[PDB]
Structure formats: structure tokens, C-alpha cells
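Engineer: Opening piece of the complex, as it sits:
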Amino acid sequence: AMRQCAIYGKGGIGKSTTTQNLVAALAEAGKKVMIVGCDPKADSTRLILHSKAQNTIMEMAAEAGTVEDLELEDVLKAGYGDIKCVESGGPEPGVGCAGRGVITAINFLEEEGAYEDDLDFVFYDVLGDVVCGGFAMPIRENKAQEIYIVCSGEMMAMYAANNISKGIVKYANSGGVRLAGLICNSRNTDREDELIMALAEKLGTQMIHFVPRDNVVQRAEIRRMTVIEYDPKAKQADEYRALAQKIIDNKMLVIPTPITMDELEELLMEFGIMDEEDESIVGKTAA
């Protein structure tokens, strides 16, 4: 029973670093895992491979003309703990949709039997900033059943988490896409955990883990590796094992209940992220 998961979140909150660290922890737990990158704005395999930038399917397509000309050897590389790594390749700037690329790639792996192994998990690393048809393609085509959202106590991070839930709600009726949990990439802020726990509560889900900020992540990042690999004894390592072990044991798969912009702002203000609004100063000149 291979589990088809995806990680969704906006960019610039460390979504990909967490994806790779968690996956490494799976490999260290003796799970066989594939990472499929579906994010143009981040490398989703660099830390597993030790590479700078894996060649994507989209740019290897030009090398021979079409994806039917491609060998699976060129696209799918093995790295740490024999984690299987692939990068779809983002759209050509101005002349491409991101759904089409991710379809192209997922069917290529299907045709070539990448999904035909003793594979325990596949994790699609997906950009979930602006949740259009394109980035919602793994959901729509039912290519990921278990969605995890990487977010944080930042406004836009939680907005993204809310739209991602909405996107899910769309194709919930159709296919078995569910929300597995929220993952908090800490910003080393106070009450951030509680914030996301309360957001989870309202979404009808769970904060499956709080991922702290810890310099050992960056120290592993310099060496193009995960923390699991770099330093198994780091206290950060137990943090990714906890997340990983919780995903494995996870049986909580819901249809989320998105929230309103006021219902959100209410959260922000409750946990001291946003301040209580004051209309007496609204529209009022300094003179």
C-alpha cells in the first residue's frame, strides 16, 4: 500500500528543506521514498543528492525532443538512504502552465514504472502559494491522496494554507484527496505553535509537527545535505524523526473546513501576530 503524499505551502518558509529532512528521516527509518519536485522556485532534491541542481524532466525533454525520448536513468537519481529523486521542471517563462509539466512528468514515471517499486511513499513537493488549476494538478488528477501543508504564523503562509484547503475541498467529492495535517516551519516566534494548532482546529485537521528554527539545518544545508545525514545526534534530528514517525502512524485524513478572512484575522490577533484594528485612525491624516 504505497502512500501517495504531497507537501504544499507557499515559498520562502523552508517548505522544501522540511520535505527533504522529513524524507531523509523516513529513509533512516527504512522507508523507500520518491521525491517528485513540483516547485519551479526551489530545488526539492539538492540536499538528498548532494547536487547543486538536478536536471529536470522539462529541460531533458529538449535534449532528445520529447519525453518519449527520455531514459528514466537521466531523470530519476538515487541519493541518501536510496531515496529516489526527480525534478519536473517549471514552466518556460511566459509560455507554460505548471500543471502541464507536472502531468508530463507524473505520466512519464507511470509509463517508465518509477511507481512500480517496493515504494512506501511518494512525496510531491508542490508550490501552494496561488492555488490555480496548474499547481492543483496532483490533487485534480488524484496523484496525491495525502496532502500535508507547510505553513507558519505568517499571514500569507496561513492564507496559502487556507486556499490549499479550498482547492482540496473542490476535488474531495471527486477523488480521495484529503488533508493529512498542518506542519509548522517555526519562525522562532512566540505562540506560533498555538496559532497553527488553532488554525488546524478550525480547518478540522492537526498540526502534525512543529519544526523549530535551528542553525544545524543551515549547517547541513551548506554541505548540501539533510540534518538526518549531517548529524544524526542533533536535537533537530529528533524533530524530523518525530514528524516522520507521525506521518507513518498518521491515520487522520479529513476534508478540511476553510475559514473566512475575518475568522483568520481573529486568529492572527489572538496570538499577537496582528494587532487589534482601530477605525478612529482609519483614513485620518497625520495633520
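Structural biologist: Nice, I can see it. Numbering: from 1, shown residues only, chains lettered A, B, ... in the order given.
Engineer: which residues of chain A fall in helices?
Structural biologist: With DSSP state H as the criterion, chain A has helices at A:15-28, A:46-49, A:57-64, A:72-75, A:98-111, A:137-140, A:155-170, A:192-203, A:215-222, A:227-230, A:235-249, A:261-270.
Engineer: and those as TSV, adding mean neighbour count?
Structural biologist: Backbone N, C-alpha and C define where each C-beta goes, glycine included. Converted to TSV, those look like this (neighbours: other C-beta atoms under 10 Å):
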stretch	mean neighbour count
helix A:15-28	27
helix A:46-49	25
helix A:57-64	16
helix A:72-75	14
helix A:98-111	19
helix A:137-140	22
helix A:155-170	21
helix A:192-203	20
helix A:215-222	16
helix A:227-230	24
helix A:235-249	19
helix A:261-270	14
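Engineer: out of those helices, nearest to residue A:129?
Structural biologist: When these are compared by C-beta to C-beta, helix A:155-170 sits nearest residue A:129, at 5.5 Å.
Engineer: Run the angle between the closest one and helix A:261-270 for me.
Structural biologist: 140 degrees (axes from the mean of the first three to the mean of the last three C-alpha atoms, to 10 degrees).
Engineer: what's helix A:155-170 packed up against?
Structural biologist: The contact analysis (3 or more C-beta pairs under 8 Å, 6 or more residues apart in numbering; DSSP states H and E) places helix A:155-170 against strand A:3-9, helix A:137-140, strand A:146-151, strand A:178-185, helix A:192-203, helix A:261-270.
Engineer: Could you list the residues in contact with the shortest one?
Structural biologist: Just to be clear, that refers to helix A:137-140. A:6, A:38, A:98-100, A:102-103, A:106, A:124, A:126, A:133, A:143-144, A:147, A:167-168, A:170-171, A:174-175, A:177 (C-beta atoms under 8 Å, 6 or more residues apart in numbering).
Engineer: rerun that using 10 Å as the cut-off
Structural biologist: For helix A:137-140, contacts defined as C-beta atoms under 10 Å, 6 or more residues apart in numbering pick out A:4, A:6, A:8, A:36, A:38, A:97-103, A:106, A:124, A:126, A:128, A:131, A:133-134, A:143-145, A:147, A:164, A:167-168, A:170-172, A:174-175, A:177.
Engineer: quick one on the thing from earlier: with distance to residue A:86 added, can I get the helices of chain A in a markdown table?
Structural biologist: Converted to a markdown table, the helices of chain A look like this (distance: least, C-beta to C-beta, whole Å):
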| stretch | distance to residue A:86 |
| --- | --- |
| helix A:15-28 | 13 |
| helix A:46-49 | 11 |
| helix A:57-64 | 7 |
| helix A:72-75 | 6 |
| helix A:98-111 | 7 |
| helix A:137-140 | 13 |
| helix A:155-170 | 22 |
| helix A:192-203 | 30 |
| helix A:215-222 | 21 |
| helix A:227-230 | 19 |
| helix A:235-249 | 20 |
| helix A:261-270 | 35 |
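Engineer: Put this one in as chain B:
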Amino acid sequence: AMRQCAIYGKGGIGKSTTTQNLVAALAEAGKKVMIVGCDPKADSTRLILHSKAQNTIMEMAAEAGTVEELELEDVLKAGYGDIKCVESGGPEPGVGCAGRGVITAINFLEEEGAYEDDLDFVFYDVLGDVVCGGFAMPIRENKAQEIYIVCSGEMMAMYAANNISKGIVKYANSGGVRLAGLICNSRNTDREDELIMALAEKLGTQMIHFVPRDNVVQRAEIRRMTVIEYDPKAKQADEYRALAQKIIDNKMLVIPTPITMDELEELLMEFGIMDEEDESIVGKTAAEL
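Structural biologist: Chain B, in position alongside the others:
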């Protein structure tokens, strides 16, 4: 002589706040301006209208028909300096295309006569992060002739500027969509201005204005207004006026020259945005070494 302009850039660097502030400067200078928010996940008109969120074209279409049903009066609101304000609205989570929404909005506004009315400038506030077919829709359909790029001295904001320039290069043989300059939104970091100037020379453009950080910006955003409106005497207010001025007189429209990822890494690593790599230590564990 209406000039159709777009501001492209990524989220989280205050693109919209610069657009609103810029536009308030123009109105204060006596120009008539319309703003078409084409950024999902951004309130592009909130400072002009003193509103928490404008009604978006896409969300009122949720009723039925982004045409007919929708009335320009329920779409287009005037605000500070008689600035006309429109919010296209983002795509339906999971289903719709963002560019399809934007064009529909723009088509609606054409079809309802908004682009008359004695307009000196219209500004499209467009998301330009992952510049897909979607967000390059206003370029392909030549809905904006001049493109300004909001960027900061940050990896991703500079990679977006790059992808925005590739998208302009893709359609420069079709239409007359040209890059007008980079606007740098400060992160209050050393050497940021030099960084962007270097990006400009490579992209084949100019850093048209350096927009400093200043608490008077947030102070005005809190009150849901621009600095130009909140305190025109402020020093930050003079900066937005200078931006507005250089845009009015801007005579430089170019086909940019996108750089390669190595050339981009070369540039970060000059200004220390990226660290120099010690590749001897790559793949090495804490125990080994």
C-alpha cells in the same frame, strides 16, 4: 495619450504598497490613474479606498457572468485623488487559471468603457513570481506597454525579475511590450542599491528608483492609506514623488537580456547575498569531519 503600465514582481517585498504610493504621487501631481489589481493574494487598492478588501471581479462573478451581470459601478471605485480602483480577483482554489481571470477582468473593463474617461495612466499590479503563461497574459495580449519590476536585494526577488524579463523577451517580436526599469524596494540592507543596479546592467535596463524603508509607510498602511495622503510632508513622500516623476519622464523602453543561473549566482556571490561554497566539505557529516 494614455500610458498602459504594469508593475510586476513577487509577493512579500511590498510591491502593492509601492504601486499605491506611486499612484497617489501621480494623482497628487494631477494625473488621472486607474489601478487594476491582477495580483491574487494582494490588496492592491486598499490604501486608495481606505478599505479592508475591494470587491473582486472574479468573486462577484461567482453569482453568474463576469459580463452582463457585473456593473462597472460595482467593480470600479474611485479613491484618493480620484484614482479609479479595480481588483480582478484570484482564481477559484484548485480549478481556474489566474491569467484567464485577469484578461476577463481587463476585457470587462474595455467592454464597459473604463479605459476612456480621460486617463493619463493605468497601472496593472501583476504577480510576477513564477511567470507562467497565466501571469504573462497581460504581456501576450499587449494589455501593458511598459513594465516596471519591483525587486529587492534578495535571491527570489531577483530570480523573479529574471523570469519576468524572459516572459517579456518571449513576446517582444509579437507586440511592443517593453521593460521600463527596475524599482528597488529596500530591505534596509547594506549594498542593496548596488546589487540592483548590477542586475539592471545585466538585464539591460535601469534601476529607476530606490524606494527606502521608513516607518511612515507602515504607519499609513495601518490607517489603510498612502504616505502621500497620510503625511505629504514626510521625507518618504518625496521619494514616491520622485518615482512618479522619473516614470512620467522615463524615455527608456528596452527588450531585456535575461541572465543565466550561474551569472545570477555570480552576482549574489559578489554582493555576499550567497556564500562562497567550500565544496571540499560537501556531503561530509559532522562525525567524518
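Engineer: once more on what packs on helix A:155-170, with chain B this time?
Structural biologist: strand A:3-9, helix A:137-140, strand A:146-151, strand A:178-185, helix A:192-203, helix A:261-270 (3 or more C-beta pairs under 10 Å, 6 or more residues apart in numbering or on different chains; DSSP states H and E).
Engineer: any chance of these in a markdown table, plus distance to chain B?
Structural biologist: As requested, those are exported to a markdown table (distance: least, C-beta to the nearest C-beta, whole Å):
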| stretch | distance to chain B |
| --- | --- |
| strand A:3-9 | 11 |
| helix A:137-140 | 6 |
| strand A:146-151 | 11 |
| strand A:178-185 | 13 |
| helix A:192-203 | 13 |
| helix A:261-270 | 7 |
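Engineer: possible to save those as CSV with distance to residue A:64?
Structural biologist: As requested, the helices and strands packed on helix A:155-170 are exported to CSV (distance: least, C-beta to C-beta, whole Å):
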stretch, distance to residue A:64
strand A:3-9, 28
helix A:137-140, 24
strand A:146-151, 33
strand A:178-185, 37
helix A:192-203, 44
helix A:261-270, 47
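Engineer: Tell me which of these approaches residue A:91 most closely.
Structural biologist: Among the helices and strands packed on helix A:155-170, helix A:137-140 comes nearest to residue A:91, with 11.9 Å by C-beta to C-beta.
Engineer: Quick one: distance of that closest one to the chain centre.
Structural biologist: 14 Å (C-alpha atoms, centre = their mean, to the nearest Å).
Engineer: Near the closest residue to residue A:231 other than its chain neighbours, how many residues? Count them for me, please.
Structural biologist: Among residues not flanking residue A:231 along the chain, residue B:286 sits closest, at 4.2 Å (C-beta to C-beta, 6 or more residues apart in numbering or on different chains). Neighbour count for residue B:286, taken as other C-beta atoms under 10 Å in any protein chain shown: 16.
Engineer: Could you list which residues are in contact with residue B:286?
Structural biologist: Applying C-beta atoms under 10 Å, 6 or more residues apart in numbering or on different chains to residue B:286 gives the contacts A:216, A:219, A:220, A:223, A:227, A:229, A:230, A:231, A:232, A:233, A:234.
Engineer: Pull the most distant pair out of those residues.
Structural biologist: Maximum distance among these (C-beta to C-beta): 15.8 Å, for A:223 and A:233.
Engineer: for the residue sitting nearest the centre point of chain A, which residues make a bridge with it?
Structural biologist: Closest residue to the average C-alpha location of chain A: residue A:7 at 2.5 Å, with C-alpha atoms, centre = their mean. Judged by DSSP bridges, the bridge partners of residue A:7 are residue A:125, residue A:148.
Engineer: Residue A:210 too?
Structural biologist: residue A:184.
Engineer: and the gap between it and chain B?
Structural biologist: The spacing between residue A:210 and chain B, counted by C-beta to the nearest C-beta, to the nearest Å, is 22 Å.
Engineer: Same question for residue A:213.
Structural biologist: From residue A:213 to chain B the distance is 18 Å (C-beta to the nearest C-beta).
Engineer: include chain C as well:
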Amino acid sequence: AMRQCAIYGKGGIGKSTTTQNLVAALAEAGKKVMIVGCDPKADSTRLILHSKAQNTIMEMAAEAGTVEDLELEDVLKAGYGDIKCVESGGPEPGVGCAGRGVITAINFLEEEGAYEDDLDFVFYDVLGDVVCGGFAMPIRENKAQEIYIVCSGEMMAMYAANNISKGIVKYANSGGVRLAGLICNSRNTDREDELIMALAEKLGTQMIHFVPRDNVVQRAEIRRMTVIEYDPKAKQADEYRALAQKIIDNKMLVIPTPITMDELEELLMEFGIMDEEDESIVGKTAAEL
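Structural biologist: The block that follows adds chain C to the chains above:
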């Protein structure tokens, strides 16, 4: 019973702002309070007087000849909630001892009957980075019997908290000086509450209150006033009222048990303030690894 208190801690963590907000909360609870400024690098009475820089006893005495020509009225002002405010004035650069100016202030206040019987609290706002002889004067001279340490999760603020504790141990069996509690000035950090509680655990004291980081404090600071006065219906206001009340009902005075530098580092590493060291690569050049 006029409780003779002192706030100690290093600069740059908002010690003073907490003191004044705290003392504002006491004077709103109908208390009679005197703040004596014993910190050269902080205006300890600015927010109470709505004043830029209160004139110090050392400044005034020089423009007079001596502390004997000095009138009480130029040196002790009443502010919000009729709080009495005094500023000792730090040492003359290069010559004077921070302590000597403090003792002059205290003797002048004692000489001129500034310490009234009705008074419910005196707070000394004392610098507490380097806990030398000069800055431990209140404690040596038995003027400060109840010490509150304003700290935070940054190393120097905690090291300083430990050094102020060692200062207390010295005079605890000469006079009745006791540590009353730690006061966390939050840097909007994760686990910072748990850190100071665990520091207090080791010291024998308690973390009496955690003061949040809230922008209304800054909004109030800017207007040279406390949150108690600026906006009583603010949530931060309730946070100072909490602190003040806990202070009012505090019966836990103790002799602290300072900790080894090894123990301190054990705490910072456990709460992520210090990094776990990679001792193998110590002293190694990047060329040799």
C-alpha cells in the same frame, strides 16, 4: 511599608520601559512610587514625565558648584499618577564612578526628605551588565532590599542575570538584600518563557512575569508615555497590571544560587541560544578540510 526595590539588568532589552510601565501600573493601582534613575544609558523617567531627558543630580550640581546648592524641586519631578522621578546621572566620562553619583543622589534625597513615609515603593533603575562595585551600591548601602532582574533569552542578558545574582549573594549576610524574581522582556522568541523559568529554577528565584513584545509599547514610547497612560484598555496594559500586582503580593524573597558558566552554557544549548559545538573542526582551516 515603603518597599525599597531595584530593577537590575543590561541595557538594550527594554529594562527601563518595563520599569516605567510597571510603575505606571502601580500608580494606577493608587500606589505612591519613586523612580531613581541609576543607569547612564537609559532615561528611567522619560515615559513618566513626557520629557526628553530629565536633568540629573550630577549635571545640576556641576551647574551650581555642589550638591548642597541643589534644590529638591529641580531634581525631583512628579509625572503620571504623581510618580516621583529622580535621575542620578552617570559618571563623568573618564573620571567618575557610576556608584559615587548614585550615592550622592541617594544621600541628597535622604537629606532633603524626598523619601516620604507615605511612599509605597522606591524603584532604582540600575544598569546590570557589568556588576562591579559602582553599580552594586544600592545593595551595598542597603538601599535596595528587593531586587527584580529584567532579563531575556539572549546570552548576555542571562549572564548578566547570573552576575547580578552573585552580587546579591555577597551582601545577603551583611544586609537583608534578596532576589525577588526574574522579569522576562520578551523578544518574541519561541521557548523564551521556558528558558527564564528554568534559569529561575536554578537560581532559587521565580520568573515573576513574562512581558510580551507588543507594538503599542513602541507607539507609547514614541509619545514619551507608558501603555498604562497611553491606552488603558490595551492588552499590554493588563500585562503590566499583572506584573505590578504579582510584585505587590510577592512574598518570595531569597538568597540566589548562581550557576557555573558550564551550567549556563548547558541551558543556552538546551533552549537553542547556543549551538552544539563541533569540536573536531575547531582550529581547522577551510583548506585543510
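Engineer: please look at the neighbour count of residue B:286 again, because chain C has been put in.
Structural biologist: Close neighbours of residue B:286, defined as other C-beta under 10 Å, add up to 20.
Engineer: so how far is the first residue of stretch A:80-92 from its last?
Structural biologist: Taking C-alpha to C-alpha, to the nearest Å as the measure, stretch A:80-92 stretches 30 Å from start to finish.
Engineer: Show me which residues of the stretch 151-287 of chain A sit near chain C.
Structural biologist: Applying C-beta under 10 Å from any C-beta of the partner chain, we find that the stretch 151-287 of chain A lies next to chain C at A:186-193, A:210, A:212-216, A:219, A:231, A:233-236, A:269, A:272-273, A:275-276, A:278.
Engineer: May I have the phi/psi pair for residue A:11?
Structural biologist: Here is the backbone geometry of residue A:11 (degrees, to the nearest 10): phi -90, psi 160.
Engineer: Oops, could you answer that again for residue A:54 instead?
Structural biologist: phi -60, psi 140.
Engineer: got it, and residue A:152?
Structural biologist: With angles defined as degrees, to the nearest 10, residue A:152 sits at phi -160, psi 180.
Engineer: and what of residue A:231?
Structural biologist: Recorded main-chain torsions at residue A:231 are phi -140, psi 90, according to degrees, to the nearest 10.
Engineer: Just the CA trace of stretch A:196-216, in PDB.
Structural biologist: Provided in PDB are the C-alpha atoms of stretch A:196-216 (Å, rounded to 0.1, in the frame of the first residue of the first chain):
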ATOM      1  CA  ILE A 196      -1.200  26.900  13.900                       C
ATOM      2  CA  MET A 197      -2.800  24.400  16.400                       C
ATOM      3  CA  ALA A 198      -5.800  26.800  16.500                       C
ATOM      4  CA  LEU A 199      -5.800  27.100  12.700                       C
ATOM      5  CA  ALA A 200      -5.700  23.300  12.400                       C
ATOM      6  CA  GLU A 201      -8.600  23.100  14.800                       C
ATOM      7  CA  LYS A 202     -10.700  25.400  12.600                       C
ATOM      8  CA  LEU A 203      -9.600  23.600   9.400                       C
ATOM      9  CA  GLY A 204     -10.700  20.400  11.200                       C
ATOM     10  CA  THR A 205      -7.100  18.900  11.000                       C
ATOM     11  CA  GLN A 206      -3.900  18.800  13.100                       C
ATOM     12  CA  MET A 207      -0.500  20.400  13.400                       C
ATOM     13  CA  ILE A 208       1.300  17.100  12.800                       C
ATOM     14  CA  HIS A 209       4.600  18.700  14.000                       C
ATOM     15  CA  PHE A 210       6.300  22.000  14.900                       C
ATOM     16  CA  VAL A 211       9.500  22.200  13.000                       C
ATOM     17  CA  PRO A 212      11.800  24.600  15.000                       C
ATOM     18  CA  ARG A 213      14.300  27.000  13.600                       C
ATOM     19  CA  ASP A 214      17.800  25.600  14.400                       C
ATOM     20  CA  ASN A 215      21.100  26.600  12.900                       C
ATOM     21  CA  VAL A 216      22.000  23.000  12.300                       C
END
